[PDB]
Amino acid sequence: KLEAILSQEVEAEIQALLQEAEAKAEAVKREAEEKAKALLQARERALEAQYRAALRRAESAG
Amino acid sequence: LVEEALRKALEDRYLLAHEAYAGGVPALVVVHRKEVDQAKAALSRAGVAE
Numbered sequence: 001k002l003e004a005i006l007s008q009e010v011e012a013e014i015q016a017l018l019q020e021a022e023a024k025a026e027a028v029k030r031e032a033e034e035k036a037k038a039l040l041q042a043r044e045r046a047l048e049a050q051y052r053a054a055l056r057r058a059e060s061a062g
Numbered sequence: 063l064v065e066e067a068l069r070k071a072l073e074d075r076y077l078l079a080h081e082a083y084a085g086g087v088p089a090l091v092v093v094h095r096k097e098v099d100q101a102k103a104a105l106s107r108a109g110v111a112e
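Quick mapping for you: the protein sequence lines, in order, are chains A and B.
According to our numbering, the stretch in the first sequence is residues 1 to 62, in order.
According to our numbering, the stretch in the second sequence is residues 63 to 112, in order.
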């Protein structure tokens, strides 16, 4: 019938839009994990540096 | 004539309604959006226009 056409113009948009917004809610969240990981990768190198420098200084000093 | 033309053109998912006024009938055909061109084409072949 004619009401069955109407349910199909909607039922198409409301999956196109909600599939799109579940891949932005994916995407932001993927970059959020890859940032936190990298802000701790730079933190890891820094600490190392400070320890290699530190020990050399105490060897020279002594 | 108009009803036949519309029915073949537009299947059974078109709505043709009419209501009188004392003499002829002003008729309204109601059709889905994007089925506009087809709907028009059907009126144009009978010689009836908007």
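Quick reminder that beta carbons are idealized off the backbone N, C-alpha and C, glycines included.
Sub-8 Å separation of B:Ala103 and B:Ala79 beta-carbons: As a first step, residue 103 of chain B must be located in the second sequence, where it is residue number 41. As a first step, residue 79 of chain B must be located in the second sequence, where it is residue number 17. No. Outside cutoff.
Close Cβ partners of B:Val93 (< 6 Å) along its chain, the five nearest in sequence each way excluded: Position 31 of the second sequence, counting from 1, holds the residue named residue 93 of chain B. So the list reads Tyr76, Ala101, once near-sequence residues are dropped.
Euclidean distance between Cα positions of B:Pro88 and B:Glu112: For the purposes of this step, residue 88 of chain B is taken as residue 26 along the second sequence, with counting starting at 1. For the purposes of this step, residue 112 of chain B is taken as residue 50 along the second sequence, with counting starting at 1. The straight-line gap from Cα to Cα measures roughly 11 Å.
Under 8 Å between C-beta atoms of B:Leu68 and B:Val98: Working through the second sequence from its first residue, we reach residue 68 of chain B at position 6. Working through the second sequence from its first residue, we reach residue 98 of chain B at position 36. Result no, Cβ atoms of B:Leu68 and B:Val98 do not sit closer than 8 Å.
Counterpart residues of B:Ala89 in DSSP-defined beta bridges: Locating residue 89 of chain B in the second sequence gives position 27, where the first residue counts as 1. B:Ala89 pairs with B:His80.
Residues of the segment 73-85 of chain B whose Cβ lies closer than 7 Å to any Cβ of chain A, in chain order: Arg75, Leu77
Neighbour flag for A:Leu39 against chain B, beta carbons, 8 Å: Against the first sequence, residue 39 of chain A aligns to sequence position 39. Interface flag for A:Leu39 against chain B is unset, since no Cβ pair is found closer than 8 Å.
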